[PDB]
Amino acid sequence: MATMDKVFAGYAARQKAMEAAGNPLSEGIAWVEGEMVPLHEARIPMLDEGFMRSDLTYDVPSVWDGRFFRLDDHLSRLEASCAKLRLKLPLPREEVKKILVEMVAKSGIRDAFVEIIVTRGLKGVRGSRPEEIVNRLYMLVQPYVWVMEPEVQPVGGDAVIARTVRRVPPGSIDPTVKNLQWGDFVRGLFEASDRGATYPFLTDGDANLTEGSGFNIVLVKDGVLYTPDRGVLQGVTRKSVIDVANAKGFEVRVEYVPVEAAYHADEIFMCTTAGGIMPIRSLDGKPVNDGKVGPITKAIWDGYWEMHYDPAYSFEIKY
């Protein structure tokens, strides 16, 4: 369990140093209407009908150890999300990239959660002519967010297959469009908490796994990785999982994963930008296999963080 120490110890050191620098901007910076403002003072107009009706999409790249991770993948997914929503990125993609690097640089944050939001704008879809709709852009940079805290990743967390809620189906809301309409996920969070666990796994209502509240799901069984194809966000972390798995000779099947498979899996882990590779030790109050972080999961964990220093997948920021 060495590489986790090196990763987490490095993170700790950089957090210790950022508090020492006392920079007020290291609490976060936002981009709103062409202007960079401190995070705790960034505000959205109530007249942004888009934002009001959550008629928007968003995406969250990260910065780790001063390096932006797969930014172009996130920008490309955001553009595809916009197109599916009949939205348009209000600024050229390369300018968004420049602003984001500047914001991270000016903030001094070495490990950052970065968020880009495109909304319909001030005039909503209902009863407005196409000429009158002007999409709006919001961006943000802030310290890295953990869906699983570093102290838990060596042991793994507690999940449940949710039984009081199921995933919004693609015929209502396209799950490949990263969105903030979290009604089902929030029910899943409360259900997990009510049942004495932390992470909800949502079904599709048809006996298959989909995803959870802010993460994709992966099963390991007899040396093969399984993760749902339909009904889920096509995560960039999931993508990196496939890259590491291929590089290490593990097969990954992106396909229909029945709920039943979760109860027989050798290993389970979640993956997401806000936290990385997140092992699950128990499901529905029962141990996953031996209740430990599995070997294939640790290989995926190691490779995922290793690739944060591959220039094919990252670039360094000048602060």
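From 1 onward, residues are counted along the sequence shown.
Judged by mean Cα B factor in the deposited record, 36 to 44 ranks above the other of 266 to 274 and 36 to 44. Relative to one another, 163 to 171 and 128 to 136 have unequal mean CA B-factors, and 128 to 136 is the one with the higher figure.
The residue among 188, 156, 108, 223 whose C-alpha atom has the highest B-factor in the PDB entry is 108. Highest C-alpha temperature factor among 83, 117, 233, 96 per the entry: 96. Among all modelled residues in its chain, residue 194 ranks in the middle third by Cα B-factor.
Ranked by Cα temperature factor within the chain, residue 142 sits in the highest third according to the deposited record.
Compared with the other modelled residues of the chain, the Cα B-factor recorded for residue 59 ranks in the middle third. The entry lists a Cα temperature factor for residue 79 that places it in the middle third of the chain's modelled residues. Among all modelled residues in this chain, the alpha-carbon of residue 290 has a temperature factor (C-alpha) in the middle third.
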